[PDB]
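Here you get one chain, nothing else, as structure tokens; it is the form deposited in one PDB entry.
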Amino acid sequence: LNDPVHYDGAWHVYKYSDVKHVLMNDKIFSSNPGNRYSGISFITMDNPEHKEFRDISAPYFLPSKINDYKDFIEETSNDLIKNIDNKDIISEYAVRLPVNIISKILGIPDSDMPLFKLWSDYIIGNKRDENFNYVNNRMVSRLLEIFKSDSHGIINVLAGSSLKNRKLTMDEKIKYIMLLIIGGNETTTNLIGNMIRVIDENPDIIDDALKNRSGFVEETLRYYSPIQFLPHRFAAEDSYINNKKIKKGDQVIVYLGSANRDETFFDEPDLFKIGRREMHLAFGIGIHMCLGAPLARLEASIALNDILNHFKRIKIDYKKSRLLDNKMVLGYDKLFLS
């Protein structure tokens, strides 16, 4: 790991302290592409305005509140992890679980999930075709309708809403939900594929994991950061990082992945020591920290369990399995067993 160097048009950051710092300072390192680049919603939103948007759904992902789904999840997990044998664990499980838990928490039927996950998948760079233009269309439409429908799920909560001295825009409302869809349908799928990996490579940590199904997850998030790095950050004013002068505008590429391996922070980082006493910037840190953090921690845990209690041993047929090849995120595209 070295000092942030400027190349290809942006400084890269691989040290927990500098990363943790680049994020913690959002007034200086605007999480917003002031100019234009083209995730949406309040994730590319800034300091003062940011909070106003994040507020709306904000109370719905609080530990106490998400756990108010504790059963439904394990409910869903069971049916999924029931057969799903010899089958692609990713497609048929890791995908199905969060694509469900979120669809419901939001208002998305069991009929739109195929479309939607299929949608996001394009957004987060995991499949590209000309066929995308009418998925975006073929979906926003489906979304546009759900706002009408009813319930009291996030979407309805977003529907008749607004805040401050303005009424939230419809497109603003759409993008808002698109933010939670790209958060729920994705990234969670990998923290599951990465715990399994941990098992293929470290065969006898099982019995401890069971005992501490949480610290285990919590660890996987440090060892195999689902999201390898955040690319969209830019200098809003001239500042430093170590002994580097960032020019106002300068793109700031903060590599989370590495930061979780920083040696100056984690004793024998490289190992899977469970229970370490330091937080991992996997879910980031700051005003922009993952609002879905509490959500995944559970889904992770429940499944971790559902999994282990369903498979004697755990080998990963690699002649069939392949890790997505998108350097920004770490996870399996296909993972098969035995």
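Start at 1 and count along the sequence shown; that's the residue number. By rigid core we mean the largest C-alpha set that fits within 1.5 Å across both forms.
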- Unresolved deposited positions lying between residue 38 and residue 39 come to 1 to 3
- Residue stretch of maximal mean CA temperature factor, 130 to 138 vs 191 to 199: 130 to 138
- Message: Going by the mean C-alpha B-factor recorded in the entry, which is higher: 221 to 229 or 208 to 216?
- Response: 208 to 216
- Peak C-alpha temperature factor (PDB record), options 155, 80, 95, 101: 80
- Query: Per the entry, which of 328, 24, 314, 324 tops the list for Cα B factor?
  - Reply: 328
- Cα B factor band for residue 173 (lowest, middle or highest third within the chain): highest
- Query: What third of its chain's C-alpha B-factors does residue 161 belong to: lowest, middle or highest?
  - Reply: highest
- Among the modelled residues of its chain, does the C-alpha B-factor of residue 185 lie in the lowest, middle or highest third? highest
- Sorting the chain's CA B-factors, does residue 151 end up in the lowest, middle or highest third? highest
- Item | Within-chain third of residue 252 by Cα B-factor, per the entry | highest
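Another form, the form deposited in another entry, is not on view; read the next lines as being about it.
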- Query: Superposing on the rigid core, which residue among 232, 213, 142, 261 shifts its Cα by at least 2 Å between this form and the one not shown?
  - Reply: 142
- Message: After superposing the rigid core, is the C-alpha displacement of residue 222 2 Å or more between this form and the one not shown?
- Response: no
- Message: Rigid core aligned, does the Cα position of residue 83 differ by 2 Å or more between this form and the one not shown?
- Response: no
- Relative to the superposed rigid core, does the CA atom of residue 127 travel 2 Å or more between this form and the one not shown? yes
- Item | Sense of CA distance change between residue 124 and residue 98 in the other form, threshold 3 Å | closer
- Task: Mind checking the CA-CA distance of residue 127 and residue 80 in the other form? It differs by 3 Å or more from this form, so is it closer or farther?
- Result: closer
